[PDB]
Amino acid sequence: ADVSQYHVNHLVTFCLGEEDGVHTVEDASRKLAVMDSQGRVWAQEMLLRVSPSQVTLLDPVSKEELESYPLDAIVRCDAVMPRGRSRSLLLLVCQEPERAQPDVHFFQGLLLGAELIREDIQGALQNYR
């Protein structure tokens, strides 16, 4: 029942519209690959904080919240390894209240890794449920 924080690299955030073609995890990974080839992916260092009530994204430097997700807004969290890469990516799917559509977020887990963060967030999701 704690607060933890990890340094991750945010790769991309995109919406799941009703007409995009992103239906599976593999489609989400594919889109990241295409955006990368379009020069639309720039690894941004970020602090990812997991607490009993929310997951927060913060600026490592400023230290100010950039985004905050109550746990009930989180749809799923997975450690995913897309074909082509070798280090798992952290996949987070969320639905902010204020938003019409849910979003997909990909982060590189770095040294501690995507699986550990996924487990921490999943544990937080269960205890909240």
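Sequential numbering from 1, following the sequence displayed.
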*Of the two stretches 83 to 91 and 66 to 74, which shows the higher Cα B-factor on average in the entry?*
83 to 91
*Is the mean CA B factor in the deposited entry higher across 31 to 39 or across 56 to 64?*
56 to 64
*Third of the chain's Cα B-factor distribution that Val8 belongs to, per the entry*: lowest
*C-alpha B factor of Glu96, ranked within the chain: lowest, middle or highest third?*
highest
